[PDB]
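To start, the structure under review is shown below, and the notes come after it.
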2 protein chains.
Amino acid sequence: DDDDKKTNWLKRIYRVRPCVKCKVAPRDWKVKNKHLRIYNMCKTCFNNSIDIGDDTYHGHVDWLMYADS
Amino acid sequence: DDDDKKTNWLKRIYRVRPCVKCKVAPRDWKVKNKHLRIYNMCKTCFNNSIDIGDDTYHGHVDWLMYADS
Ligand SMILES: Nc1ncnc2c1ncn2[C@@H]1O[C@H](COP(=O)(O)OP(=O)(O)OP(=O)(O)O)[C@@H](O)[C@H]1O
Ligand SMILES: Nc1ncnc2c1ncn2[C@@H]1O[C@H](COP(=O)(O)OP(=O)(O)OP(=O)(O)O)[C@@H](O)[C@H]1O
Ligand SMILES: [Cl-]
Ligand SMILES: [Zn+2]
Ligand SMILES: [Zn+2]
């Protein structure tokens, strides 16, 4: 089922690239409509980035959660 | 740049999973609006699937080509 190809890829994408800051914890994320938004940092590093005043690692990548547009 | 994260992932996705039929050639694809459609087979195997009458490997996965929905 092509939807399964997409699901399996997102699982892999989420697993193999951790937080861009601590490089260990997985990234924060949210689902919106038919898209998975994967933020660049885990929540701990994102909260800390606010405290230290660095926006360098702020950002996200959105992914369509199904095979067919 | 988050757009670069998306581009680099699609390059990797396209490279590491070849045609589902011959398992060697890269997949056929097309671009439509802001999406990359990656078909399940290379063109050679897809054309041959028409000749032999098998729809088993017909299908595709669409990918948003940018970081932001
Ligand atoms: N875990 C995270 N890692 C990296 N960037 C993040 C994370 N969580 C939020 N951001 C991004 O950091 C920026 C500041 O976040 P904040 O939530 O304070 O503002 P916002 O504009 O309300 O967020 P959004 O644009 O997502 O609605 C936003 O661009 C947000 O997307
Ligand atoms: N290289 C390929 N690998 C796997 N499936 C493919 C490939 N090329 C086309 N297909 C799919 O095979 C099916 C039959 O293709 P064909 O092009 O004959 O019909 P179509 O309905 O015009 O295609 P589409 O739905 O993409 O417009 C369609 O679902 C098409 O998406
Ligand atoms: Cl996607
Ligand atoms: Zn972190
Ligand atoms: Zn092939």
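Scanning the range A:1-20 for residues that are under 13 Å from the mean Cα position of the chain (by Cα) and part of a loop (DSSP other than H, G, I, E, B) yields a total of 4. Of the residues examined, B:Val24 is not one that is free of Cβ contacts under 8 Å to residues at least 60 places away in the same chain, away from ligand 4 (no atom under 16 Å from the Cβ) and closer than 26 Å to A:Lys34 by Cα.
Considering (1) more than 10 Å from every other protein chain (Cβ to nearest Cβ); (2) touching a residue at least 60 places away in the same chain (Cβ under 8 Å), the lone condition that A:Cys42 does not fulfil carries the number (2). From the list B:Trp29, B:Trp63, the one residue that fits, being in contact with a strand residue (DSSP E or B) (Cβ under 6 Å, 6 or more places away or on another chain) and away from chain A (no Cβ under 12 Å), is B:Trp29. Mind checking whether some residue in the range B:40-51 is farther than 22 Å from A:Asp3 by Cβ, within 16 Å of ligand 3 (Cβ to nearest atom) and surrounded by 13 or more Cβ atoms within 10 Å (Cβ to Cβ)? The answer is no, given that none of the residues of the range B:40-51 is farther than 22 Å from A:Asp3 by Cβ, within 16 Å of ligand 3 (Cβ to nearest atom) and surrounded by 13 or more Cβ atoms within 10 Å (Cβ to Cβ). Which one of B:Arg37, B:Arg17 is more than 18 Å from A:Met65 (Cα to Cα) and either among the basic types (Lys, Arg) or surrounded by fewer than 13 Cβ atoms within 10 Å (Cβ to Cβ) (or both)? Of the residues listed, the single one that is more than 18 Å from A:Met65 (Cα to Cα) and either among the basic types (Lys, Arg) or surrounded by fewer than 13 Cβ atoms within 10 Å (Cβ to Cβ) (or both) is B:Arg17. Filter the range A:45-60 down to the residues that are facing another protein chain (nearest Cβ under 7 Å) and small (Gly, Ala, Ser) and list them by number. Listed by number, the list holds a single entry, A:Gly59. Of the set (1) touching a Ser or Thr at 6+ places or on another chain (Cβ under 6 Å); (2) over 24 Å from A:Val61 (Cα atoms), all apply to B:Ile52 but (1). Looking at the range B:39-60, can you tell me whether even one residue there is in a strand (DSSP E or B) and of a type in the set (A, V, I, L, M, F, W, C)? No, the range B:39-60 contains no residue that is in a strand (DSSP E or B) and of a type in the set (A, V, I, L, M, F, W, C). Residues that are within 16 Å of ligand 3 (Cβ to nearest atom), within 30 Å of B:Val31 (Cα to Cα) and touching a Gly at 6+ places or on another chain (Cβ under 9 Å): does the range A:9-30 have at least one? Checked against the condition, which is being within 16 Å of ligand 3 (Cβ to nearest atom), within 30 Å of B:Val31 (Cα to Cα) and touching a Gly at 6+ places or on another chain (Cβ under 9 Å), the range A:9-30 yields no hits at all.
Each value in this text was obtained by applying a stated rule to the coordinates, not by laboratory testing. Reconstructed Cβ throughout: ideal geometry from the backbone, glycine too, with neighbour counts over all protein chains shown.
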